[PDB]
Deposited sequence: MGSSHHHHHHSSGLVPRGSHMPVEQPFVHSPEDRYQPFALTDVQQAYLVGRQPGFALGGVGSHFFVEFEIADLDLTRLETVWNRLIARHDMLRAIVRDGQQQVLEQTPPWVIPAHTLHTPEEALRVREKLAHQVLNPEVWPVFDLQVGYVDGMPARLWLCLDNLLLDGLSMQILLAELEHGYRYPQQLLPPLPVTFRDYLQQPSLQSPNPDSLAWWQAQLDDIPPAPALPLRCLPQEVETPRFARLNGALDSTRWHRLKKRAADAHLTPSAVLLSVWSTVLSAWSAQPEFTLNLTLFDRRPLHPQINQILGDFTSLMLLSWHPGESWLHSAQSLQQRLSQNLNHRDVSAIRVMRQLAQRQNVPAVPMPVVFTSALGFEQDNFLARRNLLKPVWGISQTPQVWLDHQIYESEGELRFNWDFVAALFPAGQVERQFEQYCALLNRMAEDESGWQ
């Protein structure tokens, strides 16, 4: 199948993906949460910031990546051909407390997707301290993998500002227009065949009704598993006939089981892999997200339920052309309820060749970040960098009893490290 380019329609409107549609309606009150945006915010520290150089690098990226010039207009998405160069706002701050107040303001801003730009990038100079770079990107337009690609290019361009990259020979707009993305065969039937075996989302203790949260604010807990333990864990996984993702999903689900009203539950898995329709498809920015339900059914031993989860994961992956968005509608109809939410999410950026993403010695040193997703209470995100497994839980703090998420994270980290070191649980 040869890829079909349409350069004459590069700036014409094109349809939103299912995920993008869900994000847009997620700005309003929903069945599982109040309205909230969908952006991704990171604060960097830069010693000896050269603003002119950073501005050059960032504007080159805007010109290079069509979806940085994209907007949502009249219920569709559209790439703007020419946008005014981004002149980086710079704040002059005297104390880190002043910088914190700016961080808090920018980290919870509302990106209006109808007016370019659907991003924000500002800098803050702190007297006698490294300068701050506050970057806000929207998952409505750039998925998790895309933001790793963009952040690595930003870091690379700032370190080596003399290098010029050749233009990209393929666009996200054309990718969505390809025939493969318009072909559901037995996948819809296969999912419908097991609606009666998909339990609800984790029944975690709440401190209030999630709909009674008018302005959801996300918080982050982050951790890492050292490279020696991550290597050993992946080896134990292989010996146990499990993928690394299945092990992490199984360790996480064990903690979630201990807290939930029912031990069995269903998670929503966020994946980023792309159909290989063009040899450079993995270099571009866009929304390639696929959503897939995965159910945890505990057994006698952790290993049994992990192996059972792996098998289910392998089968489910063979039917991702039917997204979890549709399966949740099918579940709601079979159960005669208005909606079946899945607000507990696992997001994996493993296996995408982004080695040394946010590497230790980066000039743009990440120090603080947060991400928001509508209709999601708890989002466990993972990626690998420098041989190390890095993870973070993004969650609506106000939803849960004080100390609860912090305690689950503590238990999860402890269980993760012990199973990497101790052969007992296997």
Open item on the list: Without any C-alpha position in the structure, which residue ranges of the deposited sequence would you list, numbering from 1?
Closed with: 1-24, 208, 452
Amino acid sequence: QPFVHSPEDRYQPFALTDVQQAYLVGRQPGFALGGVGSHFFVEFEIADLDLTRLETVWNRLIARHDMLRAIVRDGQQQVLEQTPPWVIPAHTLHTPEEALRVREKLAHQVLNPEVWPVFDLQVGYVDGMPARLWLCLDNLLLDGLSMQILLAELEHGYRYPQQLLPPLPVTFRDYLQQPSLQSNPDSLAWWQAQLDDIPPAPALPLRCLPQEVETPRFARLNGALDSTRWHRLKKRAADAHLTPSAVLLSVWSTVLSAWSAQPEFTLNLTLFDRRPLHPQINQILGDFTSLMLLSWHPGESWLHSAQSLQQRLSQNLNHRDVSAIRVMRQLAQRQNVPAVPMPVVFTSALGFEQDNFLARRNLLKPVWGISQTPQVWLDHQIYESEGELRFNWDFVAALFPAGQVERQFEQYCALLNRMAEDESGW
From here on, numbers count along this sequence of modelled residues.
Open item on the list: Which is higher on mean Cα B factor in this entry, 220-228 or 189-197?
Closed with: 189-197
TODO: Could you settle it for me: does 23-31 or 63-71 have the higher average Cα B factor in the PDB entry?
DONE: 23-31
Task: Largest Cα B-factor, entry values, listed residues 179, 205, 343, 157 - done: 179
Task: Maximum C-alpha temperature factor, selected from 256, 322, 294, 247 - done: 322
- [ ] Grab the CA temperature factor for residue 130 from the record and place it in the lowest, middle or highest third of its chain.
- [x] middle
Open item on the list: Looking at the temperature factor on the CA atom of residue 372, which third of the chain's modelled residues does it land in?
Closed with: middle
- [ ] Please rank the C-alpha B-factors of the chain's modelled residues and tell me whether residue 52 sits in the lowest, middle or highest third.
- [x] lowest
TODO: Report the third (lowest, middle or highest) to which the CA temperature factor of residue 380 belongs, ranking only the modelled residues of the same chain.
DONE: lowest
Open item on the list: By the recorded C-alpha temperature factor, relative to the other modelled residues in its chain, which third is residue 399 in?
Closed with: middle
